[PDB]
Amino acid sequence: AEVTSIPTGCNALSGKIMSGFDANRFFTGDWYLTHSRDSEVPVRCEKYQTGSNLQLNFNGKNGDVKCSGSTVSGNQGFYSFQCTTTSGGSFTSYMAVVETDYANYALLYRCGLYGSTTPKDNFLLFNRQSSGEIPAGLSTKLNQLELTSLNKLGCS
């Protein structure tokens, strides 16, 4: 059966997502994951490569990861990505773009179960440049979401 809403425990962020999200402008080019609310060690620099039809590739923890996306019918703005890893792993992950200017930065929410019963989520800051940091345009939004000290990752 089709999965029609994000996992129980994931935040649908009703009322907190940008209006007029343009998938065509977001899912093009490269995005570097430069900061996140929660982070692991050692920090890394993941470059997310996008292609047509919600396909993406990134350099993950242990090998390249390839994902295929689709819209989540019950949750506006959300996507479900089915991913496979070069070590032979597979997982599902959910995301929504909270705010983006398409040409410089994007604040995303990500959530998934990953085989557990308790979801793991995060807020992610993507930048078009590996040297990208926290944009002035997100100041108020980050305050509203209580994201006052994003962790810098391994990009520079």
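Start at 1 and count along the sequence shown; that's the residue number.
Stretches compared: 42-50, 112-120. Higher mean C-alpha B-factor in the entry: 112-120. Stretches 31-39 and 85-93 differ in mean C-alpha B factor, with the higher average recorded for 85-93.
Ranking 129, 57, 100, 70 by the C-alpha B-factor listed in the PDB entry places 57 at the top. Ranked by C-alpha B-factor against the other modelled residues of its chain, residue 12 falls in the lowest third. Ranked by C-alpha B-factor against the other modelled residues of its chain, residue 150 falls in the middle third.
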